[PDB]
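S.K.: Protein chains in written order, with the entry's author numbering: chain A, 96 to 279, 322 to 494; chain A', 96 to 279, 322 to 494. A prime marks a further copy of an entry chain.
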Ligand SMILES: [Cl-]
Ligand SMILES: [Cl-]
């Protein structure tokens with residue numbers, strides 16, 4: 096007729112629309128799952144049943160949002176945001192820093208023991224304090240850690256003139272010869330003597346005597362000996378008496394103590410300045426790249442495994458933790474809005490599927 | 096009857112379902128827009144009409160994906176990913192670096208001009224090369240830039256003993272007195330002379346003469362004068378002749394040149410080492426934090442506006458550009474999948490709405 100002749104097609108199409116919507120529903124459930132994995136790091140699969148009875152749509156969205164915020168932790172969102180920048184996290188220290196350090200170290204000797212004698216002389220002469228020697232030994236220890244951690248070629252050995260510089264050594268004894276003659322064949326005996334000696338011993342060489350008597354022209358040898366060869370100026374003074382003649386005489390020697398001082402300044406100092414400068418520069422570079430910020434105890438600085446806050450580890454490095462909290466909040470808010478609207482849409486799609494005869 | 100008595104409710108419900116789905120459609124369009132803004136940085140609003148005729152569903156998704164990939168640039172996705180970590184980008188250099196530098200600089204004098212005299216003396220004595228003086232002036236210039244950029248209190252002034260150290264100056268002339276007596322009232326005249334002089338001038342004080350004749354016991358004054366006061370040992374030798382007596386005589390003076398050398402080593406060197414060490418350490422720290430990696434021309438290092446690759450600018454700093462390309466690709470892939478599935482769902486929802494009598 097008309098109720099079963101062509102009307103059955105009407106109901107069959109309605110039922111075909113009902114089955115189409117049931118398939119669309121599952122597709123919407125699957126994309127809601129992918130949204131949950133992106134933003135929340137898991138698949139919450141929020142159960143729509145709890146909100147299905149609420150007819151007010153904004154009242155329904157509010158209820159869904161409140162349930163999601165009490166169910167998703169900020170940590171989960173932080174992990175989900177990190178997953179979106181998995182490769183970008185972490186930095187790379189440019190290799191030019193190590194290249195410059197190795198250049199400096201190429202002409203430096205890092206074996207601190209080889210400095211003992213040098214540091215000992217400089218400390219005996221008052222030219223370097225004990226703390227300066229302690230610090231250079233710490234910096235040298237650090238350069239060793241770096242050289243051993245990387246593959247740094249360095250130099251080995253050095254000689255310093257001023258470590259073997261010797262002052263002249265003047266002769267402590269000496270001898271002289273004088274020509275004496277008697278005072279006029323009545324050439325009577327004439328007594329020659331050595332009087333008023335100071336600064337040493339002055340005596341005639343053959344007798345060890347200080348008084349002689351002659352009666353003919355003659356030569357006499359006099360031995361004089363300074364009292365010591367200690368540092369400073371030494372002077373002998375005496376009177377040589379020939380008859381009524383008194384001739385004052387004096388001899389001087391200078392024991393200097395400035396050989397090492399003079400050699401240090403003119404031979405070695407310029408080389409010592411350069412080497413200490415290289416040690417200071419390279420050690421400070423290493424300290425600044427591999428030390429915890431503000432670290433002054435160089436023994437604590439680790440090279441092979443840099444510390445968390447070191448420049449070597451933080452250069453161009455966004456860490457999981459330093460991901461700002463506001464970004465996690467806004468990321469959480471984006472996911473909740475998307476998830477809420479998709480859940481609300483599933484509810485409406487189920488409602489129309491249900492309410493469809 | 097039955098076709099218009101209760102059947103009209105059937106068609107009205109079908110039409111009410113049709114209007115519900117038309118409202119759901121717009122809600123789906125709005126969330127698809129929010130998905131496009133998150134991942135693509137704009138609202139593409141892809142037009143479904145082009146794919147509406149394709150019945151194969153996977154063939155439809157493929158066509159949509161291919162259209163989206165030829166429409167979204169990787170740069171747009173990069174900007175969208177950056178927007179998700181807007182606050183996390185950028186680092187903060189810990190303040191401990193500046194704190195350590197300022198501590199070092201607190202006992203350093205950064206005015207390089209105040210070093211001129213010191214550097215000039217050290218260079219005259221061969222104790223420092225000309226390049227060492229040029230480098231310390233560069234490092235001092237850099238410490239000035241840092242002190243002026245930050246607010247670093249420093250020290251001003253210093254005195255060095257060895258810059259005014261003077262050697263003793265011995266007397267170039269001197270006089271002596273001898274007691275002469277004639278050789279025996323037949324006390325005949327006796328001639329006293331000065332012979333075989335070298336090293337200076339030796340003459341009797343009153344006559345400027347070298348020969349005298351006496352006839353009675355007497356005192357004579359002799360003036361001797363070294364030839365110069367130049368550096369080194371000077372010795373005068375002569376023979377004093379009294380009758381047939383010949384008494385050799387000698388005098389010596391020592392002009393030393395080691396006053397500044399001795400003072401540098403024992404007074405000032407230890408202070409100079411410490412100050413040069415502080416200059417080297419702090420300058421190297423500054424160089425390593427504010428220089429482009431591997432920069433050795435210290436004049437080019439800018440403090441107030443660090444350079445892009447400086448440690449000061451790259452510490453804990455993920456830049457927009459260093460966002461890895463793979464992350465942008467995977468982010469683009471997530472958005473395209475979500476957008477594709479939402480577009481495909483809109484097509485199916487419109488299809489069932491259309492095919493619904
Ligand atoms: Cl450390
Ligand atoms: Cl630079």
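Every residue, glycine too, gets a C-beta built ideally from N, C-alpha and C.
Between residue 182 of chain A' and ligand 1, is there a pair consisting of the residue's CB and a ligand heavy atom that are separated by less than 7 Å?
M.R.: No, the Cβ of residue 182 of chain A' stays beyond 7 Å of every heavy atom of ligand 1.
S.K.: Below 8 Å between beta carbons: does that hold for residue 329 of chain A' and residue 275 of chain A'?
M.R.: Contact flag set, yes.
S.K.: So, under 8 Å CB-CB, residue 213 of chain A' and residue 465 of chain A' are touching, yes? Tell me the CB distance rounded to an integer number of Å.
M.R.: With a Cβ gap of about 58 Å, residue 213 of chain A' and residue 465 of chain A' do not count as contacting.
S.K.: Applying the 10 Å Cβ sphere with the 16-neighbour rule, what's the burial state of residue 448 of chain A?
M.R.: So residue 448 of chain A counts as buried.
S.K.: For ligand 2, list every residue whose C-beta falls under 6 Å from any of its heavy atoms, going in chain order.
M.R.: Qualifying residues, in the order they occur: A':428, A':429, A':432, A':437, A':438 and A':444.
S.K.: Give the interface partners of residue 223 of chain A' over in chain A, defined as CB-CB distance under 8 Å, in chain order.
M.R.: By Cβ distance, chain A contributes 406, 407 and 410.
S.K.: Taking the C-alpha atoms as reference points, what is the distance between residue 161 of chain A and residue 124 of chain A?
M.R.: Near 20 Å, if we compare the C-alpha coordinates of residue 124 of chain A and residue 161 of chain A.
S.K.: For residue 392 of chain A and residue 219 of chain A, what's the separation of their Cα atoms in angstroms?
M.R.: Roughly 20 Å separates the two Cα atoms.
S.K.: Looking only at DSSP bridge pairs, what is residue 452 of chain A' linked to?
M.R.: Paired residue(s): A:452.
S.K.: Using a Cβ-Cβ distance under 8 Å, would residue 492 of chain A count as near chain A'?
M.R.: Yes - at least one Cβ of chain A' is within 8 Å of the one on residue 492 of chain A.
S.K.: Could you check if residue 155 of chain A' is buried or exposed, using at least 16 other CB atoms within 10 Å of its CB as the buried criterion?
M.R.: Burial call: buried.
S.K.: Have a look at residue 232 of chain A and residue 418 of chain A' and give me their C-alpha separation to the nearest angstrom.
M.R.: If I take the Cα positions, the gap works out to 15 Å.
S.K.: Would you kindly report the start and end of the unbroken alpha helix (DSSP H) that includes residue 105 of chain A'?
M.R.: Its alpha helix (DSSP H) spans residues 103-135.
S.K.: Measuring CA to CA, which of A:340, A:384 and A:106 is closest to residue 273 of chain A'?
M.R.: Taking only the C-alpha atoms, the option nearest residue 273 of chain A' is A:384.
S.K.: Here's the rule I'm using: 16 or more other beta-carbon atoms within 10 Å means buried, otherwise exposed. How should residue 354 of chain A' be labelled?
M.R.: Answer is exposed; the Cβ neighbour count stays below 16.
S.K.: Please confirm if residue 260 of chain A' has its CB atom under 8 Å from at least one CB of chain A.
M.R.: No, residue 260 of chain A' does not count as interfacial toward chain A.
S.K.: Under a three-way DSSP split, which group does residue 479 of chain A fall into?
M.R.: If DSSP states are grouped into helix, strand and coil, residue 479 of chain A belongs with the helices.
S.K.: Checking 8 Å against the spacing of the C-beta atoms, do residue 420 of chain A' and residue 234 of chain A' come in under that value?
M.R.: For residue 420 of chain A' and residue 234 of chain A', yes; Cβs fall inside 8 Å.
S.K.: Whose Cβ in chain A' lies nearer than 7 Å to the Cβ of residue 274 of chain A?
M.R.: Correct list: 382 and 383.
S.K.: Would you check if the segment 140-154 of chain A' and the segment 169-188 of chain A' touch, i.e. whether three or more CB-CB distances between them fall below 8 Å?
M.R.: No: the two stretches stay apart, fewer than three of their Cβ pairs being nearer than 8 Å.
S.K.: With 8 Å as the limit, tell me which residues of the segment 170-181 of chain A have their beta carbon closer than that to any beta carbon of chain A'; keep them in chain order.
M.R.: Residues passing the 8 Å Cβ filter: 176, 179, 180 and 181.
S.K.: Taking the C-alpha atoms as reference points, what is the distance between residue 223 of chain A and residue 210 of chain A?
M.R.: Between residue 223 of chain A and residue 210 of chain A, the C-alpha separation is close to 13 Å.
S.K.: I believe residue 397 of chain A' touches residue 260 of chain A' by the beta-carbon criterion, under 8 Å. Please report the beta-carbon distance rounded to the nearest angstrom.
M.R.: Between residue 260 of chain A' and residue 397 of chain A' the Cβ distance is about 5 Å, and since that is below 8 Å, they are a contact.
S.K.: Counting beta carbon pairs with one atom in the segment 483-493 of chain A' and one in the segment 101-120 of chain A, are three or more of them shorter than 8 Å?
M.R.: Flag = yes, the segment 101-120 of chain A and the segment 483-493 of chain A' touch.
S.K.: So the beta strand (DSSP E) residue 422 of chain A' belongs to, where does it begin and stop?
M.R.: Unbroken run through residue 422 of chain A' is the alpha helix (DSSP H), 406-427; no beta strand (DSSP E).
S.K.: Could you pull the start and end residues of the alpha helix (DSSP H) that residue 198 of chain A belongs to?
M.R.: Where residue 198 of chain A is concerned, the enclosing alpha helix (DSSP H) stretches over 191-200.
S.K.: Go ahead and label residue 389 of chain A' buried or exposed: buried means 16 or more other beta carbons lie within 10 angstroms of its beta carbon, across all protein chains shown.
M.R.: Buried: at least 16 other Cβ atoms inside 10 Å.
S.K.: Does the distance from the C-beta atom of residue 476 of chain A to that of residue 107 of chain A stay below 8 Å?
M.R.: Cβ atoms of residue 476 of chain A and residue 107 of chain A: not closer than 8 Å.
S.K.: In chain A, which residues lie with their C-beta within 8 Å of the C-beta of residue 194 of chain A'?
M.R.: Within chain A, the residues near residue 194 of chain A' are 431.
S.K.: Starting from residue 178 of chain A, trace the alpha helix (DSSP H) both ways and give me its first and last residue.
M.R.: Counting along the chain, the alpha helix (DSSP H) containing residue 178 of chain A begins and ends at 169-179.
S.K.: Mind pulling the chain A' residues with CB within less than 9 Å of residue 403 of chain A?
M.R.: Those within 9 Å of residue 403 of chain A in chain A' are 220, 221, 222 and 398.
S.K.: By the three-class DSSP mapping on this structure, what secondary structure does residue 203 of chain A have?
M.R.: Here residue 203 of chain A sits in coil by DSSP.
S.K.: Going by other Cβ atoms of all chains shown within 10 Å of its Cβ, with 16 needed for buried, is residue 193 of chain A' buried or exposed?
M.R.: Residue 193 of chain A' should be labelled buried.
S.K.: According to DSSP, is residue 355 of chain A helix, strand or coil?
M.R.: If DSSP states are grouped into helix, strand and coil, residue 355 of chain A belongs with the strands.
S.K.: Taking a contact to mean a Cβ-Cβ separation below 8 Å, would you say residue 139 of chain A touches residue 179 of chain A in this structure?
M.R.: Against a cut-off of 8 Å, the Cβ pair of residue 179 of chain A and residue 139 of chain A comes out as no contact.
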